[PDB]
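The listed protein sequences correspond, in order, to chains BF and Ai. Residue numbering for the first sequence follows PDB author numbering, starting at 5 and increasing by one per position. Residue numbering for the second sequence follows PDB author numbering, starting at 1 and increasing by one per position.
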Amino acid sequence: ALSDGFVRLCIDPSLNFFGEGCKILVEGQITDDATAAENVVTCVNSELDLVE
Amino acid sequence: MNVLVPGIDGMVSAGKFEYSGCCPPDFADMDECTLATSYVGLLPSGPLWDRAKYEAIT
Numbered sequence: 005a006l007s008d009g010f011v012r013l014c015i016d017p018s019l020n021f022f023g024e025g026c027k028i029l030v031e032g033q034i035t036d037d038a039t040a041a042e043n044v045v046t047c048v049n050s051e052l053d054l055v056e
Numbered sequence: 001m002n003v004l005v006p007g008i009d010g011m012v013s014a015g016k017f018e019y020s021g022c023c024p025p026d027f028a029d030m031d032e033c034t035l036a037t038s039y040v041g042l043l044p045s046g047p048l049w050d051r052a053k054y055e056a057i058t
């Protein structure tokens, strides 16, 4: 909904970009410094979020 | 008669023309406000620029 845009079209793209048609689960051990809760499945985004 | 005025060649008679109005703008007319917002019109046009170009303030 663009007020000053053209008439016939309004693209309106989505916020993100991926399909997640298939999923993979990785199970292992962690250390004390980890902040993630134990025994609770959580989604992983990218390597920048790891370590902490 | 006329009233003479000093001149490089002695005492001469002076006068005036009538305003023409074909003088290009001088340094004085130029101002930062004048053209700072002006270049916002050099950008392209589309849904990605309409809102941004409208909300330009200085």
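No residue lacks a Cβ here, since even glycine has one placed at the ideal position from N, Cα and C.
Item: Let's see if you can read the secondary structure: which residues bound the alpha helix (DSSP H) around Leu6(BF)?; Value: Per DSSP, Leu6(BF) belongs to no alpha helix (DSSP H) and is neither H nor E.
Item: Since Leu35(Ai) is in the alpha helix (DSSP H), which residue starts that stretch and which ends it?; Value: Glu32 to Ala36
Item: Mind pulling the chain BF residues with CB within less than 8 Å of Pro44(Ai)?; Value: By Cβ distance, chain BF contributes nothing, its closest Cβ being about 13 Å from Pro44(Ai), past 8 Å.
Item: What is the C-beta distance between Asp8(BF) and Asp50(Ai), in whole angstroms, given that I count them as a contact (C-beta under 8 Å)?; Value: 4 Å
Item: In chain Ai, which residues lie less than 9 Å from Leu6(BF) when you measure between Cβ atoms?; Value: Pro47, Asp50 and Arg51
Item: Using DSSP with H/G/I as helix, E/B as strand and the rest coil, what is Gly46(Ai)?; Value: coil
Item: Do you know offhand how far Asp53(BF)'s Cα is from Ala56(Ai)'s?; Value: 37 Å
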